[PDB]
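The structure appears below as structure tokens.
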Amino acid sequence: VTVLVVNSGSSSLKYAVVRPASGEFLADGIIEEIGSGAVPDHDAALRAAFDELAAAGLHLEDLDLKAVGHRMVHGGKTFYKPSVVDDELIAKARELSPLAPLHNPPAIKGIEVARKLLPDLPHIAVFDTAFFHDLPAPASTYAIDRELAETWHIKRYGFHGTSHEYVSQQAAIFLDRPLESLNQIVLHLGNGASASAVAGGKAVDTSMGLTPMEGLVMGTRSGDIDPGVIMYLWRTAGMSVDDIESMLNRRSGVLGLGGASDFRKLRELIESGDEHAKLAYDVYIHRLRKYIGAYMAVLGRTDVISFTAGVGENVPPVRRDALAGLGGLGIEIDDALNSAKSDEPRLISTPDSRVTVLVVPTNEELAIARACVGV
Amino acid sequence: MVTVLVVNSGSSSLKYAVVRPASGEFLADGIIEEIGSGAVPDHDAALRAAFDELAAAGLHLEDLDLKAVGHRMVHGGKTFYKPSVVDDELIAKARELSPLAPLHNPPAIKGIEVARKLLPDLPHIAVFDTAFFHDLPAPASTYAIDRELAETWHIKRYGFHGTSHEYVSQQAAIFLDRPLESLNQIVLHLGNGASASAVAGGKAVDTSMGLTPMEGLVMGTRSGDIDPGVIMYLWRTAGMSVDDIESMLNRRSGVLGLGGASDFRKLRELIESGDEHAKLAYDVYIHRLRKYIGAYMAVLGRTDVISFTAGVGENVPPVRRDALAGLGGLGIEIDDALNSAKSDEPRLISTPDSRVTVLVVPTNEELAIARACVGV
Ligand SMILES: Nc1ncnc2c1ncn2[C@@H]1O[C@H](COP(=O)(O)O)[C@@H](O)[C@H]1O
Ligand SMILES: Nc1ncnc2c1ncn2[C@@H]1O[C@H](COP(=O)(O)O)[C@@H](O)[C@H]1O
């Protein structure tokens, strides 16, 4: 079986052609700077991905393509399992776009162009929420008016579920220990950033909320913030609710506080003596330390902590700084291991660390491909 | 001996005490409740009623060496945090800030206003919930939002319940006969409002409430922590005004909104009767509390002591048990017998094997206010 995988984000479109059984990748790539002269919209972007495949000597028509898998961030209550795309599903994803305004809209546009180019294949949506569907009620229920919550279906959905799931599975395998025997924390530190607590393979907590706005500090998102700040910006700073949301999603996190377009730039700013960048980094780490401790308490016993996604996989100082000074919680980083140049699943804790600490790279494309099978 | 009158004016109640700060002796104490209608329509009427109770109990303030009247003020923003003699400037600032602490700043201002009419010739002193947290480290008090917008509008984590967090951290050190500066501590103020703090060698390094008392733990009627996306959704889709969302989060949330219980005693009674909603609310409350305890253990790195205080913290053994159960891996073990035995004294509730020492350390809030008035 062969699958085309599309992850259509606001600014870029990631694609791969994958054989899920073997895991082999026949091609992968990223079309960047959507809105450029060359790639002005998502429709241009998928067409360009097709040109790159062709340029590589890959012709989809000769491949056994059985499905096209898409990342969708929010499906609300109705859609969370891998689902065959139809007009119904697209209508619901559109309805829910305001719950995930940075992700659902370009995902839908990715679907729209893909269904035009490949109208006779099944298109399958794979949802970020799926892994968290069975979160325990005490972890997913906000402490608000119960009638109100249930009336509007307010609960913690959680996101990055395919990464948290994949990484928790792969950490067990790396340790050659049964998934069901392990209590784990997974730290998905990318443009979006989320933590999960996984107890014997089952998600028991995660940091994002009804929407991807809750939790860790992110690239442009605030994460956790006092609800009073929102009320004050509305009441006293005179900002509209939409403008406050926009600020929290797009002019917050490392960018808003630190001035950095992405995490590589931030670390460069810090290296150049920029105090604002250093504060934004320290705020990011302080938040991350708090989620790690919080989730150790949720689990009771913690066997494994794994770092993943762009920052988690590639920035040793984040991993060091997140875990520094936690000998009394059973955690000790091996600095030589942590600093190793490597892209492989790997150990970063010392032999005497009671908690095992890993880097376990995410593979969204493989996860989506496998989730298409059988649907 | 020097005597202080303490006024602690909340949304629907006014707590009063006449206290000797040196000995800690209370000459009188009481609470006026159900303020807002009937015989006690407002806080002016409430303090007058307090004075009637003092007289009925045989207390005559004019016979006392009353040196000051102390008032709890929750928010003074940037300008007022130290214990401060009340003047019009301070009142005007507290009034300006009232929407940041709508359950607390307005009734406290009203209490000052009547107190100054009844006792014009005494200094009235404001004691602020934020003081203990004034010097929080910037990485703990700076929200990850647009830096320039935050700076312009003075947005940062202030923290509240400071007098209790301060008092308990001091008293935990004294109880353990160890220097205050040697200890890393967590304090859990579990009352109608609820907040946690992390204290390193006497200095606060983190706390759970925010710019406002709305952030952090689950509380009596307050939500504490919530996805900002929920607020946006309630506005956009449920058609609620921002003021009404705020009111819901402050007044119809927490154990009440979720559990249908007017207070924690009632909540436990419902649970014992088999009320599934009340049980889920308790489990949400404990889940959140556990997360803050774990979080602040990571902030401190090494934690020497965890102390419970305030109404629930002092009086509800199951909360202390459930908040800390299954944490042997983090060096914590509760002694169930010590935890269950009734006492009103500062006391140990952890086993000798527990690496982290666990205490119950009661706070008398009125006593703390009276003490802060001395030497202002
Ligand atoms: N080698 C690297 N060094 C620093 N940051 C990186 C590196 N690789 C990826 N990132 C960051 O990870 C984020 C993207 O992660 P993701 O969303 O998982 O693709 C961006 O902020 C990138 O700058
Ligand atoms: N003995 C008790 N048993 C259960 N809850 C109590 C007890 N005493 C006080 N509380 C609760 O503590 C909360 C108020 O604490 P505070 O704000 O410190 O007065 C209320 O929910 C009370 O019902």
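Numbering starts fresh at 1 for the residues of each chain in the structure tokens, the chains themselves are lettered A, B, ... in the order given, and ligands are numbered from 1 as they appear.
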
Please determine the contact residues of chain B with respect to chain A at a cut-off of 7 Å, counting only C-alpha atoms, and supply them as a VMD selection string. chain B and resid 100 139 to 140 143 to 147 210 to 212 214 to 215 218 223 225 to 230 232 242 249 252 to 254 257 to 258 280 283 to 284 287 290 to 299 301 to 302 326 to 327 329 to 330

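Using only C-alpha atoms, the residues found no farther than 8 Å from region 42-47 of chain A, other than those of its own chain fewer than 5 positions away, are residues 8, 12, 13, 31, 34, 106, 109, 110, 113 and 114 of chain A.
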
Mind dumping the selected residues with N, CA and C atoms as a PDB file, in the first residue's frame?
ATOM      1  N   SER A   8      -0.863  20.643   5.478  1.00  0.00           N
ATOM      2  CA  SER A   8      -0.977  21.933   4.852  1.00  0.00           C
ATOM      3  C   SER A   8      -1.134  22.964   5.958  1.00  0.00           C
ATOM      4  N   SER A  12       3.475  26.789   5.037  1.00  0.00           N
ATOM      5  CA  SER A  12       4.177  25.741   4.286  1.00  0.00           C
ATOM      6  C   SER A  12       3.330  24.503   4.125  1.00  0.00           C
ATOM      7  N   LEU A  13       3.714  23.665   3.181  1.00  0.00           N
ATOM      8  CA  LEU A  13       2.984  22.444   2.934  1.00  0.00           C
ATOM      9  C   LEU A  13       3.977  21.304   2.848  1.00  0.00           C
ATOM     10  N   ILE A  31       7.052  22.598   0.795  1.00  0.00           N
ATOM     11  CA  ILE A  31       6.888  23.774  -0.049  1.00  0.00           C
ATOM     12  C   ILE A  31       6.709  24.928   0.925  1.00  0.00           C
ATOM     13  N   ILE A  34       4.483  30.019   1.416  1.00  0.00           N
ATOM     14  CA  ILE A  34       3.214  30.142   0.702  1.00  0.00           C
ATOM     15  C   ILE A  34       2.769  31.603   0.801  1.00  0.00           C
ATOM     16  N   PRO A 106      -5.873  26.391   6.726  1.00  0.00           N
ATOM     17  CA  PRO A 106      -4.997  25.902   5.633  1.00  0.00           C
ATOM     18  C   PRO A 106      -5.095  24.417   5.402  1.00  0.00           C
ATOM     19  N   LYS A 109      -7.871  24.030   3.015  1.00  0.00           N
ATOM     20  CA  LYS A 109      -7.428  24.426   1.671  1.00  0.00           C
ATOM     21  C   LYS A 109      -6.561  23.341   1.026  1.00  0.00           C
ATOM     22  N   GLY A 110      -5.716  22.683   1.826  1.00  0.00           N
ATOM     23  CA  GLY A 110      -4.956  21.519   1.396  1.00  0.00           C
ATOM     24  C   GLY A 110      -5.844  20.394   0.881  1.00  0.00           C
ATOM     25  N   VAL A 113      -7.579  21.534  -2.631  1.00  0.00           N
ATOM     26  CA  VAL A 113      -6.738  21.380  -3.822  1.00  0.00           C
ATOM     27  C   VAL A 113      -6.455  19.908  -4.111  1.00  0.00           C
ATOM     28  N   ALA A 114      -6.248  19.117  -3.063  1.00  0.00           N
ATOM     29  CA  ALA A 114      -5.944  17.691  -3.246  1.00  0.00           C
ATOM     30  C   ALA A 114      -7.106  16.913  -3.859  1.00  0.00           C
TER      31      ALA A 114
END

Which residues are near ligand 1 - at most 10 Å, using only C-alpha atoms and all ligand atoms? Format: as a PyMOL selection string. chain A and resi 163+188-193+218-220+254-255+260-268+308-318+361-364

Residues within 12 Å of ligand 2 (only C-alpha atoms and all ligand atoms), as a PyMOL selection string? chain B and resi 8+10+13-15+31+161+164+188-195+218-222+254-256+261-269+282+308-320+342-344+362-366

Could the residues in this selection be saved with C-alpha atoms as a PDB file, in the first residue's frame?
ATOM      1  CA  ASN B   8     -11.430  42.339  56.273  1.00  0.00           C
ATOM      2  CA  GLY B  10     -15.302  40.675  51.354  1.00  0.00           C
ATOM      3  CA  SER B  13     -19.039  39.352  54.522  1.00  0.00           C
ATOM      4  CA  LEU B  14     -17.065  41.544  56.861  1.00  0.00           C
ATOM      5  CA  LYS B  15     -14.641  39.923  59.294  1.00  0.00           C
ATOM      6  CA  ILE B  31     -18.113  38.163  61.077  1.00  0.00           C
ATOM      7  CA  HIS B 161      -2.818  35.786  49.538  1.00  0.00           C
ATOM      8  CA  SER B 164      -0.719  34.020  54.401  1.00  0.00           C
ATOM      9  CA  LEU B 188      -1.048  25.798  49.800  1.00  0.00           C
ATOM     10  CA  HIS B 189      -3.646  28.418  50.738  1.00  0.00           C
ATOM     11  CA  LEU B 190      -6.819  26.409  50.263  1.00  0.00           C
ATOM     12  CA  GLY B 191      -9.799  28.556  51.145  1.00  0.00           C
ATOM     13  CA  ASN B 192     -12.710  30.197  49.350  1.00  0.00           C
ATOM     14  CA  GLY B 193      -9.991  31.578  47.149  1.00  0.00           C
ATOM     15  CA  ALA B 194      -7.083  29.160  46.629  1.00  0.00           C
ATOM     16  CA  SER B 195      -3.501  29.722  45.677  1.00  0.00           C
ATOM     17  CA  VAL B 218      -9.756  25.536  41.406  1.00  0.00           C
ATOM     18  CA  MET B 219     -11.552  27.623  44.049  1.00  0.00           C
ATOM     19  CA  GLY B 220     -14.963  27.929  45.773  1.00  0.00           C
ATOM     20  CA  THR B 221     -16.616  29.779  42.941  1.00  0.00           C
ATOM     21  CA  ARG B 222     -13.624  30.523  40.684  1.00  0.00           C
ATOM     22  CA  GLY B 254     -15.033  26.307  40.758  1.00  0.00           C
ATOM     23  CA  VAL B 255     -16.531  23.771  43.190  1.00  0.00           C
ATOM     24  CA  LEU B 256     -19.879  25.639  42.967  1.00  0.00           C
ATOM     25  CA  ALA B 261     -21.755  22.943  46.280  1.00  0.00           C
ATOM     26  CA  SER B 262     -21.873  26.338  48.002  1.00  0.00           C
ATOM     27  CA  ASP B 263     -18.746  25.438  50.008  1.00  0.00           C
ATOM     28  CA  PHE B 264     -16.313  22.634  50.677  1.00  0.00           C
ATOM     29  CA  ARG B 265     -18.189  21.111  53.653  1.00  0.00           C
ATOM     30  CA  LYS B 266     -21.303  20.858  51.484  1.00  0.00           C
ATOM     31  CA  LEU B 267     -19.228  19.391  48.677  1.00  0.00           C
ATOM     32  CA  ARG B 268     -17.959  16.570  50.876  1.00  0.00           C
ATOM     33  CA  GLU B 269     -21.504  15.918  52.170  1.00  0.00           C
ATOM     34  CA  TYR B 282     -13.587  17.341  43.917  1.00  0.00           C
ATOM     35  CA  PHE B 308      -1.404  23.423  54.007  1.00  0.00           C
ATOM     36  CA  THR B 309      -3.351  26.429  55.289  1.00  0.00           C
ATOM     37  CA  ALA B 310      -6.702  28.260  55.175  1.00  0.00           C
ATOM     38  CA  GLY B 311     -10.164  26.774  55.668  1.00  0.00           C
ATOM     39  CA  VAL B 312      -9.893  23.656  53.529  1.00  0.00           C
ATOM     40  CA  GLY B 313      -6.155  23.165  54.069  1.00  0.00           C
ATOM     41  CA  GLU B 314      -6.479  23.243  57.842  1.00  0.00           C
ATOM     42  CA  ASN B 315      -9.682  21.236  58.184  1.00  0.00           C
ATOM     43  CA  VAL B 316     -10.053  18.671  55.421  1.00  0.00           C
ATOM     44  CA  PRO B 317      -7.754  15.621  55.753  1.00  0.00           C
ATOM     45  CA  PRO B 318      -8.963  14.007  52.538  1.00  0.00           C
ATOM     46  CA  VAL B 319      -7.740  16.958  50.404  1.00  0.00           C
ATOM     47  CA  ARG B 320      -4.279  16.708  51.943  1.00  0.00           C
ATOM     48  CA  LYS B 342      -8.137  16.618  64.796  1.00  0.00           C
ATOM     49  CA  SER B 343      -5.984  19.537  65.904  1.00  0.00           C
ATOM     50  CA  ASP B 344      -5.805  23.298  65.459  1.00  0.00           C
ATOM     51  CA  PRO B 362      -2.998  27.505  60.308  1.00  0.00           C
ATOM     52  CA  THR B 363      -3.163  31.132  59.272  1.00  0.00           C
ATOM     53  CA  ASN B 364      -5.147  33.631  61.202  1.00  0.00           C
ATOM     54  CA  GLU B 365      -5.549  36.273  58.527  1.00  0.00           C
ATOM     55  CA  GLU B 366      -6.848  38.946  60.917  1.00  0.00           C
TER      56      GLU B 366
END

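The space separating CA of residue 243 (chain B) from CA of residue 95 (chain B) comes to 17.5 Å.
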
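Taking CA of residue 1 (chain B) and CA of residue 20 (chain B) as the two end points, the separation is 6.7 Å.
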
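Across A:150, A:62, A:352, A:86, the tightest approach to residue 108 (chain A) is made by A:86 when counting only C-alpha atoms.
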
Write out as JSON, numbers by chain each polymer residue whose atoms come within 6 Å of region 103-117 of chain B, counting only C-alpha atoms; drop sequence neighbours fewer than 2 positions from it. {"B": [9, 10, 11, 43, 44, 98, 101, 119, 120]}

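Nearest to residue 173 (chain B) of all the residues B:306, B:40, B:325, B:127 is B:306, counting only C-alpha atoms.
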
Name the residues of region 47-115 of chain B that fall into strand (DSSP E) according to DSSP on the backbone, using the chain letters and numbers of this document, as a PyMOL selection string. chain B and resi 66-73+84-85

Just N, CA and C atoms for this one: save the residues we selected as a tab-separated table (two decimals), in the first residue's frame.
chain	number	residue	atom	x	y	z
B	66	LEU	N	-6.23	51.78	71.16
B	66	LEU	CA	-6.29	51.47	69.71
B	66	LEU	C	-5.33	52.36	68.95
B	67	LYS	N	-4.38	51.76	68.26
B	67	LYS	CA	-3.32	52.49	67.57
B	67	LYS	C	-3.58	52.64	66.10
B	68	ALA	N	-4.47	51.80	65.55
B	68	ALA	CA	-4.69	51.77	64.12
B	68	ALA	C	-5.86	50.84	63.80
B	69	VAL	N	-6.35	51.00	62.59
B	69	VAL	CA	-7.32	50.10	61.99
B	69	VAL	C	-6.66	49.55	60.75
B	70	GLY	N	-6.54	48.24	60.65
B	70	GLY	CA	-5.94	47.61	59.50
B	70	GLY	C	-7.02	47.05	58.60
B	71	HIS	N	-6.82	47.18	57.29
B	71	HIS	CA	-7.77	46.72	56.26
B	71	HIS	C	-7.04	45.83	55.27
B	72	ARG	N	-7.67	44.72	54.90
B	72	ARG	CA	-7.15	43.93	53.76
B	72	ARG	C	-7.46	44.61	52.43
B	73	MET	N	-6.45	44.87	51.60
B	73	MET	CA	-6.67	45.33	50.24
B	73	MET	C	-5.99	44.33	49.31
B	84	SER	N	0.43	50.55	54.00
B	84	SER	CA	0.35	51.97	53.64
B	84	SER	C	-0.75	52.66	54.42
B	85	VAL	N	-0.45	53.85	54.92
B	85	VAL	CA	-1.49	54.67	55.51
B	85	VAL	C	-2.48	55.08	54.43

If you run DSSP on the backbone, which residues of region 28-71 of chain B are helix (DSSP H, G or I), as a ChimeraX atom specification? /B:43-56,61-63

Have a look at A:170, A:372, A:96, A:336 and name the one nearest to residue 233 (chain B); count only C-alpha atoms. A:96

Env of residue 200 (chain A): 12 Å cut, atoms = only C-alpha atoms, seq-sep filter 5 positions within chain, self excluded. Answer as a short mmCIF file (atom, residue, chain, number, x, y, z; two decimals) with N, CA and C atoms, in the first residue's frame.
data_model
loop_
_atom_site.label_atom_id
_atom_site.label_comp_id
_atom_site.auth_asym_id
_atom_site.auth_seq_id
_atom_site.Cartn_x
_atom_site.Cartn_y
_atom_site.Cartn_z
N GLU A 165 1.26 10.23 20.61
CA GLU A 165 1.01 8.79 20.43
C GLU A 165 2.24 8.10 19.85
N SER A 168 5.31 8.15 22.30
CA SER A 168 5.12 7.27 23.45
C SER A 168 5.29 5.81 23.02
N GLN A 169 4.84 5.45 21.81
CA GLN A 169 5.03 4.08 21.30
C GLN A 169 6.51 3.80 21.04
N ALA A 171 9.18 5.36 22.29
CA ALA A 171 10.02 5.34 23.49
C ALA A 171 10.04 3.95 24.16
N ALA A 172 8.87 3.32 24.26
CA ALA A 172 8.73 1.94 24.76
C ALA A 172 9.63 1.01 23.95
N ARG A 177 10.77 -2.13 26.43
CA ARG A 177 9.89 -2.39 27.54
C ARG A 177 8.45 -2.23 27.09
N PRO A 178 7.52 -2.98 27.69
CA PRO A 178 6.15 -2.94 27.20
C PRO A 178 5.50 -1.59 27.40
N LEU A 179 4.83 -1.11 26.36
CA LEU A 179 4.15 0.19 26.42
C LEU A 179 3.23 0.31 27.64
N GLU A 180 2.55 -0.79 27.99
CA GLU A 180 1.56 -0.77 29.04
C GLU A 180 2.19 -0.65 30.43
N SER A 181 3.50 -0.92 30.52
CA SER A 181 4.21 -0.87 31.77
C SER A 181 4.82 0.48 32.07
N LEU A 182 4.72 1.44 31.15
CA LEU A 182 5.50 2.67 31.29
C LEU A 182 4.63 3.89 31.59
N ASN A 183 5.05 4.69 32.55
CA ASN A 183 4.49 6.03 32.73
C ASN A 183 5.44 7.04 32.10
N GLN A 184 4.92 7.84 31.18
CA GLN A 184 5.78 8.67 30.36
C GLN A 184 5.29 10.09 30.28
N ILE A 185 6.26 11.00 30.15
CA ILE A 185 5.98 12.36 29.71
C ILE A 185 6.55 12.57 28.31
N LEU A 299 1.33 11.46 37.10
CA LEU A 299 1.71 10.05 36.91
C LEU A 299 2.02 9.30 38.21
N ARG A 301 4.47 7.82 39.59
CA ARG A 301 5.77 7.27 39.16
C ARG A 301 6.00 7.66 37.71
N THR A 302 7.16 8.24 37.41
CA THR A 302 7.51 8.58 36.04
C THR A 302 8.73 7.76 35.59
N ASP A 303 8.53 6.99 34.53
CA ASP A 303 9.58 6.11 34.00
C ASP A 303 10.44 6.78 32.96
N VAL A 304 9.81 7.58 32.09
CA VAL A 304 10.49 8.12 30.90
C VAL A 304 9.99 9.52 30.62
#

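Using only C-alpha atoms for every distance, the candidate list A:320, A:74, A:59, A:19 yields A:19 as the residue closest to residue 5 (chain A).
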
Best match for closeness to residue 183 (chain B) among B:303, B:345, B:18, B:80, counting only C-alpha atoms: B:303
